[PDB]
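Quick reminder, even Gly has a Cβ in these numbers, built from the backbone with ideal geometry, and neighbours come from all protein chains shown. Taken together, the values in this text are just the output of simple stated rules run on the coordinates, not laboratory data.
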RNA sequence: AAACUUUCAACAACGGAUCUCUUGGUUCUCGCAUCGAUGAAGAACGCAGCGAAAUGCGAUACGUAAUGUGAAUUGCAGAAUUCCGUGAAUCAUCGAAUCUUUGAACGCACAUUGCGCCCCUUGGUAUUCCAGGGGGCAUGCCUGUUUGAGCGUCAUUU
């Protein structure tokens, strides 16, 4: 079964994928910033990423906000070149869904987060859904086929960068790049 | 001629330089992995027979316990009354304790020591009012437990 689902949600828009994404988003949208877990929306390629299984269960949902970069201030200003001068249209190196992963963390790091999956997109957001495993918990480290997440440092890192999209938005390359730095370098 | 004034003598005198001093500092190198909701870092306020502070400590207050050292004095011998062959204030001690009022600060507050609610036990003696000692009531999430919610929705003998 898992396979059908996977390669099924692989065809977006498309009759079902759409007439579904619509009801859902029309739902989801309305339910508090982040609105922690229910029972795992799309379980398909969720396993690809250590699915639901953690810890016993726990996968929360969050609506990040869409768009570009809110350059604060009102001004400039600061000379401008090399703007500086520029404001309205800086673009966020962050990683839209990344932000999601972080806030989710905050909204409760009684757990630690294994990875985050997309789900839908308005013109006023981007509906991402994150996973967990409650290390400070049960089988999590007991039936620990996975105590990885449990050990000392590998935790809360749901935003020290060492996550996945950050790992990606940085340097998981190898060759043709200056992407393990740090470095800087070189003095 | 002195006074005065300059000048150089010696003696004092202002001053604290030079010399030598070093329980600091400064930079080196080599081991080592530890804070806190089991209440941390920080803050007050206090605690010696005699103490202001630096220091240590918390109403068991320059200290309790426990060890070995000790073997003999500490706050070492400031004074002082001081007390000792049953082990004195010192080191180590963190296989014990005490750890006020606080601070991530926590029942609500907090320019105040102000204001509530439970539970246990004492006086007034009818539980329901007033006073005494003991124990307690933050938040976000995790997981189970335990009650109830909708025209989410299933099935039942009506």
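When you check residue A:133 against the structure, is it under 12 Å from the mean Cα position of the chain (by Cα), surrounded by 11 or more Cβ atoms within 10 Å (Cβ to Cβ) and part of a loop (DSSP other than H, G, I, E, B), yes or no?
In short, no.
How many residues are away from RNA strand B (no atom under 13 Å from the Cβ) and touching a residue at least 60 places away in the same chain (Cβ under 8 Å) if we restrict to the stretch A:123-163?
8
Against the condition within 16 Å of RNA strand B (Cβ to nearest atom), free of Cβ contacts under 8 Å to residues at least 12 places away in the same chain and either in contact with a helix residue (DSSP H, G or I) (Cβ under 8 Å, 6 or more places away or on another chain) or assigned to a loop (DSSP other than H, G, I, E, B) (or both), how does residue A:85 come out, does it pass?
So residue A:85 does not fit the description; no.
Any idea which of A:173, A:120, A:179 is more than 12 Å from RNA strand B (Cβ to nearest atom), touching a strand residue (DSSP E or B) at 6+ places or on another chain (Cβ under 9 Å) and more than 30 Å from residue A:76 (Cβ to Cβ)?
After ruling out the rest, the residue left standing is A:120.
Looking at residue A:104, is it at positive phi, crowded, with 17+ Cβ neighbours inside 10 Å and within 16 Å of RNA strand B (Cβ to nearest atom)?
no
If I filter the stretch A:42-62 down to residues being within 21 Å of residue A:105 (Cβ to Cβ) and not in a loop (DSSP other than H, G, I, E, B), which single residue comes out as farthest from RNA strand B (Cβ to nearest atom)?
Residue satisfying both the conditions and the ranking: A:46.
Anything in the stretch A:1-41 that is in contact with a strand residue (DSSP E or B) (Cβ under 9 Å, 6 or more places away or on another chain), surrounded by 13 or more Cβ atoms within 10 Å (Cβ to Cβ) and part of a loop (DSSP other than H, G, I, E, B)? List them, or say none.
Within the stretch A:1-41, A:28, A:29, A:35, A:36, A:37, A:40, A:41 qualify.
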